[PDB]
file final_9.pdb (PDB, C-alpha atoms (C1' of nucleotides) and all ligand atoms)
ATOM      1  CA  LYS A  72      72.108 107.433  55.993
ATOM      2  CA  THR A  73      70.144 106.688  52.814
ATOM      3  CA  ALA A  74      67.633 103.842  53.047
ATOM      4  CA  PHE A  75      66.278 101.637  50.259
ATOM      5  CA  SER A  76      62.579 102.121  50.978
ATOM      6  CA  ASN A  77      59.455 103.435  49.291
ATOM      7  CA  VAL A  78      59.833 107.140  48.555
ATOM      8  CA  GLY A  79      56.079 107.605  48.946
ATOM      9  CA  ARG A  80      53.546 109.543  46.917
ATOM     10  CA  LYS A  81      55.119 113.005  47.291
ATOM     11  CA  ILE A  82      58.092 113.006  44.903
ATOM     12  CA  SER A  83      60.756 115.664  45.371
ATOM     13  CA  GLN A  84      61.182 116.593  41.698
ATOM     14  CA  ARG A  85      58.614 117.367  39.007
ATOM     15  CA  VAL A  86      60.255 115.478  36.116
ATOM     16  CA  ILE A  87      61.129 111.889  37.024
ATOM     17  CA  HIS A  88      63.056 109.300  35.031
ATOM     18  CA  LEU A  89      61.083 106.117  35.673
ATOM     19  CA  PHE A  90      61.741 102.407  35.213
ATOM     20  CA  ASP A  91      59.446  99.396  35.307
ATOM     21  CA  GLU A  92      59.222  96.705  37.978
ATOM     22  CA  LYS A  93      61.004  94.427  35.486
ATOM     23  CA  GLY A  94      63.610  97.104  34.711
ATOM     24  CA  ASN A  95      62.071  98.295  31.439
ATOM     25  CA  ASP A  96      62.927 101.971  30.965
ATOM     26  CA  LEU A  97      59.717 104.020  30.818
ATOM     27  CA  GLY A  98      61.588 107.280  30.220
ATOM     28  CA  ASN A  99      60.941 110.643  31.824
ATOM     29  CA  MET A 100      57.468 111.612  33.013
ATOM     30  CA  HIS A 101      55.786 114.036  35.387
ATOM     31  CA  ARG A 102      55.338 113.041  39.018
ATOM     32  CA  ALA A 103      51.559 113.294  38.617
ATOM     33  CA  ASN A 104      51.666 110.518  36.016
ATOM     34  CA  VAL A 105      53.943 108.377  38.198
ATOM     35  CA  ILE A 106      51.470 108.441  41.094
ATOM     36  CA  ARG A 107      48.761 107.276  38.690
ATOM     37  CA  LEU A 108      50.929 104.306  37.703
ATOM     38  CA  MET A 109      51.659 103.374  41.321
ATOM     39  CA  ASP A 110      47.905 103.188  41.949
ATOM     40  CA  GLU A 111      46.953 101.436  38.705
ATOM     41  CA  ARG A 112      49.524  98.658  39.208
ATOM     42  CA  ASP A 113      49.638  98.802  43.036
ATOM     43  CA  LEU A 114      53.398  99.334  43.197
ATOM     44  CA  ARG A 115      55.790 101.370  45.324
ATOM     45  CA  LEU A 116      58.473 103.808  44.194
ATOM     46  CA  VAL A 117      62.133 103.595  45.214
ATOM     47  CA  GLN A 118      65.136 105.785  44.415
ATOM     48  CA  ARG A 119      67.745 103.772  42.509
ATOM     49  CA  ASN A 120      70.174 106.566  41.565
ATOM     50  CA  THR A 121      70.264 110.271  42.410
ATOM     51  CA  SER A 122      73.600 111.231  40.824
ATOM     52  CA  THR A 123      72.038 111.281  37.354
ATOM     53  CA  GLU A 124      70.778 114.700  36.291
ATOM     54  CA  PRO A 125      67.293 113.254  35.579
ATOM     55  CA  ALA A 126      66.229 111.735  38.889
ATOM     56  CA  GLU A 127      65.996 107.954  38.515
ATOM     57  CA  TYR A 128      63.223 106.136  40.382
ATOM     58  CA  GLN A 129      61.996 102.567  39.927
ATOM     59  CA  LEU A 130      58.632 100.973  40.643
ATOM     60  CA  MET A 131      58.929  97.977  42.961
ATOM     61  CA  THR A 132      56.764  95.663  45.028
ATOM     62  CA  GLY A 133      57.154  95.246  48.766
ATOM     63  CA  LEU A 134      58.708  91.830  48.179
ATOM     64  CA  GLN A 135      61.324  93.241  45.793
ATOM     65  CA  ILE A 136      62.145  96.149  48.118
ATOM     66  CA  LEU A 137      62.803  93.531  50.799
ATOM     67  CA  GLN A 138      65.060  91.341  48.651
ATOM     68  CA  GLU A 139      67.189  94.304  47.562
ATOM     69  CA  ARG A 140      67.415  95.604  51.129
ATOM     70  CA  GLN A 141      68.494  92.098  52.144
ATOM     71  CA  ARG A 142      70.994  91.906  49.275
ATOM     72  CA  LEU A 143      72.619  95.217  50.209
ATOM     73  CA  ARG A 144      73.086  94.278  53.866
ATOM     74  CA  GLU A 145      74.748  90.995  52.880
ATOM     75  CA  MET A 146      77.264  92.926  50.769
ATOM     76  CA  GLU A 147      78.117  95.523  53.421
ATOM     77  CA  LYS A 148      78.626  92.746  55.971
ATOM     78  CA  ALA A 149      81.010  91.023  53.553
ATOM     79  CA  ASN A 150      82.710  94.350  52.708
ATOM     80  CA  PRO A 151      82.341  96.719  55.703
ATOM     81  CA  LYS A 152      84.189  99.771  54.416
ATOM     82  CA  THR A 153      85.328 102.049  57.249
ATOM     83  CA  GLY A 154      84.157 105.246  55.603
ATOM     84  CA  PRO A 155      84.902 108.014  58.097
ATOM     85  CA  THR A 156      88.280 109.123  59.403
ATOM     86  CA  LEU A 157      87.830 110.937  62.718
ATOM     87  CA  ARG A 158      90.085 113.902  63.520
ATOM     88  CA  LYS A 159      90.755 113.887  67.250
ATOM     89  CA  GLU A 160      92.576 116.933  68.587
ATOM     90  CA  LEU A 161      94.498 117.843  71.748
ATOM     91  CA  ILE A 162      95.548 121.372  72.728
ATOM     92  CA  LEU A 163      98.641 121.247  74.944
ATOM     93  CA  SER A 164     100.682 123.830  76.837
ATOM     94  CA  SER A 165     104.454 124.213  76.858
ATOM     95  CA  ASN A 166     104.636 123.899  80.662
ATOM     96  CA  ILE A 167     102.437 120.786  80.824
ATOM     97  CA  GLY A 168     103.465 118.414  83.584
ATOM     98  CA  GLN A 169     104.867 114.974  82.883
ATOM     99  CA  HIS A 170     101.953 113.197  84.566
ATOM    100  CA  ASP A 171      99.514 115.123  82.374
ATOM    101  CA  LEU A 172     101.618 114.613  79.245
ATOM    102  CA  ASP A 173     101.858 110.895  80.025
ATOM    103  CA  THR A 174      98.072 110.750  80.386
ATOM    104  CA  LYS A 175      97.533 112.554  77.079
ATOM    105  CA  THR A 176     100.195 110.434  75.369
ATOM    106  CA  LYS A 177      98.392 107.229  76.345
ATOM    107  CA  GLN A 178      95.219 108.811  74.961
ATOM    108  CA  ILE A 179      96.954 109.621  71.665
ATOM    109  CA  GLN A 180      98.180 106.025  71.415
ATOM    110  CA  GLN A 181      94.635 104.676  71.721
ATOM    111  CA  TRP A 182      93.506 107.000  68.920
ATOM    112  CA  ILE A 183      96.262 105.709  66.634
ATOM    113  CA  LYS A 184      95.354 102.056  67.186
ATOM    114  CA  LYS A 185      91.814 103.008  66.140
ATOM    115  CA  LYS A 186      93.301 104.554  62.963
ATOM    116  CA  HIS A 187      92.269 108.132  63.758
ATOM    117  CA  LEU A 188      94.014 111.397  62.925
ATOM    118  CA  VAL A 189      95.376 113.246  65.962
ATOM    119  CA  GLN A 190      95.801 117.007  65.586
ATOM    120  CA  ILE A 191      98.163 118.197  68.334
ATOM    121  CA  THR A 192      98.423 121.918  69.090
ATOM    122  CA  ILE A 193     100.981 123.299  71.552
ATOM    123  CA  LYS A 194     100.369 126.800  72.902
ATOM    124  CA  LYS A 195     102.575 129.130  74.915
ATOM    125  CA  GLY A 196     101.954 128.777  78.630
ATOM    126  CA  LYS A 197     100.750 131.207  81.271
ATOM    127  CA  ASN A 198     103.576 133.435  82.573
ATOM    128  CA  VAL A 199     105.952 131.286  80.486
ATOM    129  CA  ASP A 200     107.884 132.244  77.351
ATOM    130  CA  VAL A 201     109.468 129.421  75.358
ATOM    131  CA  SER A 202     111.548 129.045  72.222
ATOM    132  CA  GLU A 203     109.466 127.690  69.352
ATOM    133  CA  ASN A 204     112.053 124.918  69.000
ATOM    134  CA  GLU A 205     111.445 123.849  72.607
ATOM    135  CA  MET A 206     107.717 123.514  71.922
ATOM    136  CA  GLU A 207     108.574 121.265  68.973
ATOM    137  CA  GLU A 208     110.413 118.912  71.344
ATOM    138  CA  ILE A 209     107.104 117.763  72.845
ATOM    139  CA  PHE A 210     106.005 116.465  69.440
ATOM    140  CA  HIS A 211     109.100 114.261  69.256
ATOM    141  CA  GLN A 212     108.538 113.050  72.822
ATOM    142  CA  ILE A 213     104.933 112.098  72.033
ATOM    143  CA  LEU A 214     105.850 110.282  68.821
ATOM    144  CA  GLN A 215     108.869 108.588  70.410
ATOM    145  CA  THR A 216     106.437 106.561  72.528
ATOM    146  CA  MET A 217     105.019 105.206  69.233
ATOM    147  CA  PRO A 218     108.195 104.336  67.297
ATOM    148  CA  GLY A 219     106.633 101.901  64.827
ATOM    149  CA  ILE A 220     102.958 102.733  65.354
ATOM    150  CA  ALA A 221     102.647 106.375  64.243
ATOM    151  CA  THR A 222     104.217 109.064  62.082
ATOM    152  CA  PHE A 223     103.761 112.728  61.238
ATOM    153  CA  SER A 224     100.790 113.165  58.925
ATOM    154  CA  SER A 225     101.610 116.887  58.812
ATOM    155  CA  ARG A 226     104.932 118.013  60.234
ATOM    156  CA  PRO A 227     105.021 120.638  63.006
ATOM    157  CA  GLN A 228     104.041 124.064  61.680
ATOM    158  CA  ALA A 229     103.874 127.440  63.391
ATOM    159  CA  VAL A 230     100.360 128.874  63.694
ATOM    160  CA  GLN A 231      98.720 131.985  65.168
ATOM    161  CA  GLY A 232     101.769 134.081  64.341
ATOM    162  CA  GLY A 233     104.164 131.569  65.881
ATOM    163  CA  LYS A 234     102.427 131.699  69.263
ATOM    164  CA  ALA A 235     101.406 128.032  69.006
ATOM    165  CA  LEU A 236     102.667 125.121  66.936
ATOM    166  CA  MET A 237     100.370 122.606  65.248
ATOM    167  CA  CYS A 238     100.662 119.045  63.957
ATOM    168  CA  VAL A 239      98.746 115.966  62.830
ATOM    169  CA  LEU A 240      99.708 112.374  63.642
ATOM    170  CA  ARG A 241      98.578 109.224  61.859
ATOM    171  CA  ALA A 242      99.014 105.465  61.949
ATOM    172  CA  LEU A 243     101.730 103.985  59.757
ATOM    173  CA  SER A 244     100.544 102.418  56.521
ATOM    174  CA  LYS A 245     100.978  98.677  56.079
ATOM    175  CA  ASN A 246     103.832  99.266  53.632
ATOM    176  CA  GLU A 247     105.469 101.715  56.045
ATOM    177  CA  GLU A 248     105.004  99.188  58.860
ATOM    178  CA  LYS A 249     106.676  96.347  56.957
ATOM    179  CA  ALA A 250     109.529  98.735  56.145
ATOM    180  CA  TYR A 251     110.007  99.521  59.839
ATOM    181  CA  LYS A 252     110.047  95.807  60.668
ATOM    182  CA  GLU A 253     112.524  95.245  57.831
ATOM    183  CA  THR A 254     114.826  98.060  58.951
ATOM    184  CA  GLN A 255     114.529  96.842  62.546
ATOM    185  CA  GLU A 256     115.400  93.287  61.491
ATOM    186  CA  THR A 257     118.458  94.430  59.529
ATOM    187  CA  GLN A 258     119.743  96.193  62.648
ATOM    188  CA  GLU A 259     119.187  92.961  64.583
ATOM    189  CA  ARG A 260     121.224  91.003  62.029
ATOM    190  CA  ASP A 261     123.973  93.628  62.228
ATOM    191  CA  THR A 262     123.957  93.352  66.032
TER     192      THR A 262
ATOM    193  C1'   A B   1     119.236  64.088 149.539
ATOM    194  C1'   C B   2     121.229  64.117 154.735
ATOM    195  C1'   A B   3     120.377  60.836 159.481
ATOM    196  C1'   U B   4     122.426  61.502 167.277
ATOM    197  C1'   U B   5     127.335  60.490 167.479
ATOM    198  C1'   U B   6     130.857  60.930 171.670
ATOM    199  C1'   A B   7     130.135  61.986 176.661
ATOM    200  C1'   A B   8     127.936  62.105 181.565
ATOM    201  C1'   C B   9     133.195  61.816 190.250
ATOM    202  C1'   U B  10     130.741  69.475 188.439
ATOM    203  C1'   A B  11     129.301  68.987 182.817
ATOM    204  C1'   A B  12     130.024  69.568 178.001
ATOM    205  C1'   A B  13     132.095  68.570 173.124
ATOM    206  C1'   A B  14     130.679  67.152 167.706
ATOM    207  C1'   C B  15     126.981  69.621 163.637
ATOM    208  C1'   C B  16     128.858  73.633 157.810
ATOM    209  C1'   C B  17     125.143  69.473 151.099
ATOM    210  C1'   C B  18     124.019  70.190 145.903
ATOM    211  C1'   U B  19     121.083  71.432 141.813
ATOM    212  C1'   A B  20     119.213  77.316 137.534
ATOM    213  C1'   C B  21     120.069  81.047 132.980
ATOM    214  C1'   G B  22     118.625  79.035 127.612
ATOM    215  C1'   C B  23     119.295  77.741 120.639
ATOM    216  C1'   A B  24     114.287  79.956 126.623
ATOM    217  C1'   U B  25     111.319  84.321 127.767
ATOM    218  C1'   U B  26     109.543  89.758 127.954
ATOM    219  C1'   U B  27     109.901  94.366 125.835
ATOM    220  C1'   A B  28     112.129  97.977 123.172
ATOM    221  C1'   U B  29     115.595 100.288 119.990
ATOM    222  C1'   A B  30     118.478 100.443 115.350
ATOM    223  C1'   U B  31     118.450  99.441 110.172
ATOM    224  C1'   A B  32     117.002  97.862 103.508
ATOM    225  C1'   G B  33     112.571  99.162 101.453
ATOM    226  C1'   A B  34     107.288 100.724 101.033
ATOM    227  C1'   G B  35     103.161 104.147 102.372
ATOM    228  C1'   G B  36     100.020 107.798 104.996
ATOM    229  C1'   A B  37      98.686 112.626 107.267
ATOM    230  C1'   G B  38      99.449 117.726 107.852
ATOM    231  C1'   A B  39     101.939 122.442 106.823
ATOM    232  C1'   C B  40     103.930 125.733 103.372
ATOM    233  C1'   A B  41     102.920 127.044  98.583
ATOM    234  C1'   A B  42      99.208 127.729  94.439
ATOM    235  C1'   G B  43     102.859 124.822  89.257
ATOM    236  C1'   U B  44     100.197 120.984  86.135
ATOM    237  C1'   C B  45      95.428 118.599  84.149
ATOM    238  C1'   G B  46      90.453 118.784  84.333
ATOM    239  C1'   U B  47      85.834 121.406  86.700
ATOM    240  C1'   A B  48      83.633 117.188  91.076
ATOM    241  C1'   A B  49      80.825 120.476  95.046
ATOM    242  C1'   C B  50      78.453 125.409  96.262
ATOM    243  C1'   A B  51      72.861 128.723  91.838
ATOM    244  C1'   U B  52      67.870 123.390  89.569
ATOM    245  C1'   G B  53      76.435 124.671  89.803
ATOM    246  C1'   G B  54      74.648 123.790  84.357
ATOM    247  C1'   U B  55      73.310 115.401  84.707
ATOM    248  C1'   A B  56      69.647 118.182  92.108
ATOM    249  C1'   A B  57      72.920 116.620  96.119
ATOM    250  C1'   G B  58      74.083 112.913  99.518
ATOM    251  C1'   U B  59      74.189 107.736 102.398
ATOM    252  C1'   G B  60      75.380 102.427 101.920
ATOM    253  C1'   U B  61      77.388  99.017  98.576
ATOM    254  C1'   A B  62      79.357  97.281  93.858
ATOM    255  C1'   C B  63      82.014  97.872  89.445
ATOM    256  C1'   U B  64      84.825 101.159  86.479
ATOM    257  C1'   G B  65      88.074 105.357  85.317
ATOM    258  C1'   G B  66      94.606 110.319  84.636
ATOM    259  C1'   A B  67      92.156 112.963  88.390
ATOM    260  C1'   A B  68      88.450 114.941  90.725
ATOM    261  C1'   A B  69      84.618 111.166  89.821
ATOM    262  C1'   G B  70      80.991 108.073  86.540
ATOM    263  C1'   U B  71      77.281 104.306  86.537
ATOM    264  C1'   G B  72      73.918 100.461  88.767
ATOM    265  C1'   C B  73      70.426  99.064  93.085
ATOM    266  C1'   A B  74      67.833 100.695  97.498
ATOM    267  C1'   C B  75      67.471 104.674 100.794
ATOM    268  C1'   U B  76      67.452 110.236 102.677
ATOM    269  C1'   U B  77      65.730 115.719 101.616
ATOM    270  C1'   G B  78      70.106 118.240 104.479
ATOM    271  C1'   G B  79      66.508 119.730  96.602
ATOM    272  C1'   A B  80      62.715 121.103  93.273
ATOM    273  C1'   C B  81      57.510 120.127  91.662
ATOM    274  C1'   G B  82      50.740 121.680  87.568
TER     275        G B  82
HETATM  276  K     K C 301      77.647 115.562  90.003
HETATM  277  K     K C 302      72.456 120.509  95.179
HETATM  278  K     K C 303      77.018 106.107  96.240
HETATM  279 MG    MG C 304      85.989 117.448  65.635
HETATM  280 MG    MG C 305      80.322 120.992  88.151
HETATM  281 MG    MG C 306      75.806 118.489  89.293
HETATM  282 MG    MG C 307      74.163 109.020  93.043
HETATM  283 MG    MG C 308      80.923 103.790  83.180
END
call {"tool": "encode", "arguments": {"input": "final_9.pdb", "output": "structure tokens", "more": "lines below"}}
Ligand SMILES: [K+]
Ligand SMILES: [K+]
Ligand SMILES: [K+]
Ligand SMILES: [Mg+2]
Ligand SMILES: [Mg+2]
Ligand SMILES: [Mg+2]
Ligand SMILES: [Mg+2]
Ligand SMILES: [Mg+2]
result
Amino acid sequence: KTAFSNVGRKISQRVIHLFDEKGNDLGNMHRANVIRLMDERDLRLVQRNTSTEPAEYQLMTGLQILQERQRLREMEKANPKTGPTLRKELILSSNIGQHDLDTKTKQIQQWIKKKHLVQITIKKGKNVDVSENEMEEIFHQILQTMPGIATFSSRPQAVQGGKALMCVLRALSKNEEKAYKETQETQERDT
RNA sequence: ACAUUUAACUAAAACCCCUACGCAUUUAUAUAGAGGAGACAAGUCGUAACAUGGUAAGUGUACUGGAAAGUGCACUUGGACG
């Protein structure tokens, strides 16, 4: 995380683009001169933008730093963007039992309702040789439990020289979900 | 409930009842279906225990969880400890 707080007296860079407490642009200056300003005016230094090639810092009072920090947290509460997508993964075997596959299927379902990405790998079993098409059946069994709740993010693909298949499942987009409801309703009208 | 009559110059003859057992009660077997234990065997998913077993283990109790188990409270050492 990046916090809106006083950077301190030790500034990372040597050349610093500085602004005034009122926003007046003071231009670029050396960090040694900035520390002298912070002491002469009794002000603290915050980092407003780092993307700019010349590092941009602004002088601010403790009261201002508080108001901005309060402002920002009122925006994020109003607009809490879910930034990270978490890639959960399950390595399965071809000879997995039904009780174990039913347990791992329920686990996959809970990951999809949380809007995660589920990478499913299926590997050849111990003492067992299987047709690569048979391994692909498990993917369709897992997804069949989630008819209108999930779909192939990446379709089944052979990996490790064909020894083990791979896949990625995802939650259906809102548009794809309304389409499924529509198609399902049309079938209801037909029947 | 039943009630002793005839007979008696030797003495004997009459005497003969009916109510229970069932839709009760006792015990057991058979049968729809649902579970447990053990044996064989070692497939499936984890690695809970045994080493400080990789979060020391366990007792009681509570809650929770695919599963061993996890966590809380007290207790035990059948653990450790300048
Ligand atoms: K344990
Ligand atoms: K132990
Ligand atoms: K206990
Ligand atoms: Mg990861
Ligand atoms: Mg263990
Ligand atoms: Mg342990
Ligand atoms: Mg305990
Ligand atoms: Mg818990």
call {"tool": "interface_residues", "arguments": {"input": "final_9.pdb", "of": "chain B", "to": "chain A", "cutoff": "8 Å", "atoms": "only C-alpha atoms (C1' of nucleotides)", "output": "number ranges by chain"}}
result
B: 44-45, 66
call {"tool": "residues_around", "arguments": {"input": "final_9.pdb", "residues": "residue 237 (chain A)", "least_positions_apart": "2", "cutoff": "7 Å", "atoms": "all atoms listed in the file", "output": "JSON, numbers by chain"}}
result
{"A": [191, 192, 193, 227, 228, 229, 230, 235]}
call {"tool": "atom_distance", "arguments": {"input": "final_9.pdb", "atom1": "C1' of residue 56 (chain B)", "atom2": "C1' of residue 80 (chain B)"}}
result
7.6 Å
call {"tool": "closest_residue", "arguments": {"input": "final_9.pdb", "among": "B:79, B:22, B:33, B:70", "to": "residue 55 (chain B)", "atoms": "only C-alpha atoms (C1' of nucleotides)"}}
result
B:70
call {"tool": "resolve_selection", "arguments": {"input": "final_9.pdb", "expression": "the PyMOL selection byres (((chain A and resi 240-248) around 6) and not hetatm)", "output": "PyMOL selection string"}}
result
chain A and resi 183+186+188-189+220-224+239+249-251
call {"tool": "residues_near_ligand", "arguments": {"input": "final_9.pdb", "ligand": "ligand MG 308 (chain C)", "cutoff": "8 Å", "atoms": "only C-alpha atoms (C1' of nucleotides) and all ligand atoms", "output": "list in words"}}
result
residues 64, 65, 70 and 71 of chain B
call {"tool": "residues_near_ligand", "arguments": {"input": "final_9.pdb", "ligand": "ligand K 301 (chain C)", "cutoff": "8 Å", "atoms": "all atoms listed in the file", "output": "PyMOL selection string"}}
result
chain B and resi 48-49+55+57
call {"tool": "resolve_selection", "arguments": {"input": "final_9.pdb", "expression": "the PyMOL selection byres (((not hetatm)) within 12 of (chain C and resi 304))", "output": "PyMOL selection string"}}
result
chain A and resi 156-161+187-190
call {"tool": "atom_distance", "arguments": {"input": "final_9.pdb", "atom1": "CA of residue 127 (chain A)", "atom2": "CA of residue 96 (chain A)"}}
result
10.1 Å
call {"tool": "residues_near_ligand", "arguments": {"input": "final_9.pdb", "ligand": "ligand K 303 (chain C)", "cutoff": "9 Å", "atoms": "only C-alpha atoms (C1' of nucleotides) and all ligand atoms", "output": "PyMOL selection string"}}
result
chain B and resi 58-61
call {"tool": "resolve_selection", "arguments": {"input": "final_9.pdb", "expression": "the PyMOL selection byres (((chain A and resi 129-131) around 8) and not hetatm)", "output": "ChimeraX atom specification"}}
result
/A:89-92,94,109,114-119,127-128,132-133,135-136
call {"tool": "atom_distance", "arguments": {"input": "final_9.pdb", "atom1": "CA of residue 121 (chain A)", "atom2": "CA of residue 144 (chain A)"}}
result
19.9 Å
call {"tool": "axis_aligned_box", "arguments": {"input": "final_9.pdb", "around": "region 60-68 of chain B", "padding_each_side": "5 Å", "output": "AutoDock Vina command-line options"}}
result
--center_x 85.0 --center_y 106.1 --center_z 93.3 --size_x 29.2 --size_y 27.7 --size_z 27.3
call {"tool": "closest_residue", "arguments": {"input": "final_9.pdb", "among": "B:24, B:40, B:8, B:51", "to": "ligand K 302 (chain C)", "atoms": "all atoms listed in the file"}}
result
B:51
call {"tool": "closest_residue", "arguments": {"input": "final_9.pdb", "among": "A:234, A:218, A:181, A:145", "to": "residue 200 (chain A)", "atoms": "all atoms listed in the file"}}
result
A:234
call {"tool": "closest_residue", "arguments": {"input": "final_9.pdb", "among": "B:6, B:19, B:27, B:47", "to": "ligand MG 305 (chain C)", "atoms": "all atoms listed in the file"}}
result
B:47
call {"tool": "build_atoms", "arguments": {"input": "final_9.pdb", "residues": "region 158-170 of chain A", "atoms": "N, CA and C atoms", "output": "PDB file, in the frame of the given file"}}
result
ATOM      1  N   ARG A 158      88.977 113.029  63.143  1.00  0.00           N
ATOM      2  CA  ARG A 158      90.085 113.902  63.520  1.00  0.00           C
ATOM      3  C   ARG A 158      89.956 114.260  64.995  1.00  0.00           C
ATOM      4  N   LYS A 159      90.646 113.513  65.851  1.00  0.00           N
ATOM      5  CA  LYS A 159      90.755 113.887  67.250  1.00  0.00           C
ATOM      6  C   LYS A 159      91.823 114.963  67.401  1.00  0.00           C
ATOM      7  N   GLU A 160      91.658 115.820  68.406  1.00  0.00           N
ATOM      8  CA  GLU A 160      92.576 116.933  68.587  1.00  0.00           C
ATOM      9  C   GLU A 160      92.827 117.191  70.064  1.00  0.00           C
ATOM     10  N   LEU A 161      94.067 117.561  70.383  1.00  0.00           N
ATOM     11  CA  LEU A 161      94.498 117.843  71.748  1.00  0.00           C
ATOM     12  C   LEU A 161      95.288 119.141  71.750  1.00  0.00           C
ATOM     13  N   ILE A 162      94.853 120.100  72.561  1.00  0.00           N
ATOM     14  CA  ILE A 162      95.548 121.372  72.728  1.00  0.00           C
ATOM     15  C   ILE A 162      96.389 121.284  73.993  1.00  0.00           C
ATOM     16  N   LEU A 163      97.706 121.369  73.838  1.00  0.00           N
ATOM     17  CA  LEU A 163      98.641 121.247  74.944  1.00  0.00           C
ATOM     18  C   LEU A 163      99.296 122.590  75.240  1.00  0.00           C
ATOM     19  N   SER A 164      99.916 122.669  76.414  1.00  0.00           N
ATOM     20  CA  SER A 164     100.682 123.830  76.837  1.00  0.00           C
ATOM     21  C   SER A 164     102.153 123.459  76.961  1.00  0.00           C
ATOM     22  N   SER A 165     103.018 124.461  76.797  1.00  0.00           N
ATOM     23  CA  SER A 165     104.454 124.213  76.858  1.00  0.00           C
ATOM     24  C   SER A 165     104.886 123.728  78.234  1.00  0.00           C
ATOM     25  N   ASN A 166     104.265 124.242  79.296  1.00  0.00           N
ATOM     26  CA  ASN A 166     104.636 123.899  80.662  1.00  0.00           C
ATOM     27  C   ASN A 166     103.830 122.729  81.217  1.00  0.00           C
ATOM     28  N   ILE A 167     103.235 121.908  80.349  1.00  0.00           N
ATOM     29  CA  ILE A 167     102.437 120.786  80.824  1.00  0.00           C
ATOM     30  C   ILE A 167     103.308 119.855  81.655  1.00  0.00           C
ATOM     31  N   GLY A 168     102.742 119.348  82.747  1.00  0.00           N
ATOM     32  CA  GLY A 168     103.465 118.414  83.584  1.00  0.00           C
ATOM     33  C   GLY A 168     103.638 117.062  82.920  1.00  0.00           C
ATOM     34  N   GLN A 169     104.595 116.293  83.447  1.00  0.00           N
ATOM     35  CA  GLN A 169     104.867 114.974  82.883  1.00  0.00           C
ATOM     36  C   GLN A 169     103.707 114.018  83.119  1.00  0.00           C
ATOM     37  N   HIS A 170     103.091 114.071  84.300  1.00  0.00           N
ATOM     38  CA  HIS A 170     101.953 113.197  84.566  1.00  0.00           C
ATOM     39  C   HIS A 170     100.806 113.491  83.611  1.00  0.00           C
TER      40      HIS A 170
END
